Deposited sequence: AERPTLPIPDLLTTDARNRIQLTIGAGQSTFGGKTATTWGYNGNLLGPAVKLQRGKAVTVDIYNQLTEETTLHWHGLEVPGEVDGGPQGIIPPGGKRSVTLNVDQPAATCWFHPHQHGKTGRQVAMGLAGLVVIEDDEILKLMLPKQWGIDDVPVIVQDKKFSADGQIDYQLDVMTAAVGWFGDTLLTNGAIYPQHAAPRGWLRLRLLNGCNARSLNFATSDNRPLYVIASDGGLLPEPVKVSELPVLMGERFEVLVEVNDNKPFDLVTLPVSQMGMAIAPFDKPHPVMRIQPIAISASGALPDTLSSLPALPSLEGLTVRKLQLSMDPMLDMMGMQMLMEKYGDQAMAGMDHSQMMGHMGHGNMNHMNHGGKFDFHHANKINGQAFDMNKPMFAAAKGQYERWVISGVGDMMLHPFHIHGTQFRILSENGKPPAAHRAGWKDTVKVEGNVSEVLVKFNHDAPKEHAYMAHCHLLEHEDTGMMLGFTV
């Protein structure tokens, strides 16, 4: 097995600046080269490291021949620097953003938000990580050697053509069910191996698929200790056998490396349309962990962090967000999937470019749907009632609290700081507060993070 690639950990320079270059290059997957896109390289991106309380300016060079934008997913920053569809960086052009980091330690990420093209641009290879540190987290004595016992794990599926090129399409099928493929990548490599010191291994898991939800576990069933969610540390570890992760979500887990025997991180079959076609109809390796006897001192604390109380609910503004799909989209998509894949496509279970909607509207860039309060908790009620698709619903500008998730109180490891909530044929409720402003010219997005739904209308803008 190839060794797991580790995103460079990119800090500020003497002038408090970080340079990102967006560009095309070449990658090799199982023998055949593909044109890929990357930040500061051919594929994927670095891990931009930020400290709570410190400004940094990011200089962003668009070295594509097409428009793109750069969105910091998870960051509580003004709309100006949020990099939603209105933050065009022109091909050949340079844009600079000041990020004033004021939130708990967390693993966030970044990726394009090009209007109507976000799915293709991620599929082409564009994604990096954001490691936010603060004063609280460095006191915990967690595994902290980057790329040794503190390892980013970005999991994505891709589909490839006969010539080896990435085979991306926004069509009637993928607009309905998402883009998914048959090859799993972990930091860009097919089934890599990571060499991990005895003791505690820390993994920062990102589900960076366009459309495929995942479910982590190990091959010998050893536990994961969940220490952190999208928006950072939990109050204390949650110990699990398996860990479902939606598109765009991050969890940090600790795994015990307690003797010399190799095991795999795997992902278990999910009940989501399309996502259990072979080879994903059985447990599927993500990466091989190979124990090694070098220095490590990282520990698992009893107690991680102190989070705020849920605010009381009386008097909060409530906003209804109904997600919906043209029924014509569902049918033709369900059909195209059966024609192409046969009966396996359903295991576990006409212009489409505006067929997906929130509150009966496809995303309009020039009409924000509302102004949200600044600095005041609101309750957003997001409903997927009336359709059968999975919608990981994500809200920019914020880390929120899930009050109920698709019909139940959140699981314990999902009850902390989140920027994504599951919506799937039921209704979810989040408590949300915006500490920063967003004008109509640079509004915040709230959207399904199944990328093809987003691209085909399941997005709204809002101001603060």
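Annotation: deposited residues 1-2, 352-373 are not represented by C-alpha coordinates in the model.
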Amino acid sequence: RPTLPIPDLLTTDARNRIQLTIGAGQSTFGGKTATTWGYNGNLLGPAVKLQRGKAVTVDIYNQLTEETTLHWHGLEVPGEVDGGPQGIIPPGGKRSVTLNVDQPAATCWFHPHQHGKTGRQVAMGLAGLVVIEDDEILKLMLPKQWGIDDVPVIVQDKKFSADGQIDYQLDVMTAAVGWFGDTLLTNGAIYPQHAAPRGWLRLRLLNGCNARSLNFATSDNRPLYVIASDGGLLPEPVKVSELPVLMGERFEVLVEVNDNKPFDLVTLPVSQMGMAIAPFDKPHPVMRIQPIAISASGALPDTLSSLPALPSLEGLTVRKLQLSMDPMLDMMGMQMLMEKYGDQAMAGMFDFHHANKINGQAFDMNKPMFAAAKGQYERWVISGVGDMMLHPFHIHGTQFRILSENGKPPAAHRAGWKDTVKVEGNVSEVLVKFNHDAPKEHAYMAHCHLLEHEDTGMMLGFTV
From here on, numbers count along this sequence of modelled residues.
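We call the rigid core whatever largest set of C-alpha positions still superposes within 1.5 Å between the two forms.
Fitting each structure in 6 other deposited structures of this protein onto the rigid core and averaging C-alpha distances over structures and residues, 293-301 emerges as the more displaced of 204-212 and 293-301. Between 223-231 and 257-265, the larger mean CA deviation from the shown form in 6 other deposited structures of this protein, after core superposition, belongs to 257-265. For the pair 276-284 and 339-347, the mean Cα B-factor is higher in 339-347. Stretch comparison (359-367 versus 115-123) by mean CA B-factor in the PDB entry places 359-367 on top.
The top Cα temperature factor in the record, among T398, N40, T69, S27, falls on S27. Ranking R204, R212, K261, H73 by Cα temperature factor from the entry places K261 first. In the deposited entry, the Cα temperature factor of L50 places it in the middle third of its chain's modelled residues. The PDB entry assigns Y168 a C-alpha temperature factor belonging to the highest third of its chain's modelled residues. In the PDB entry, a CA B factor belonging to the highest third of its chain's modelled residues is recorded for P311.
When the CA B factors of the chain's modelled residues are split into thirds, the value for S428 lands in the lowest one. Annotation for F180: CA B-factor lies in the middle third of the chain's modelled residues.
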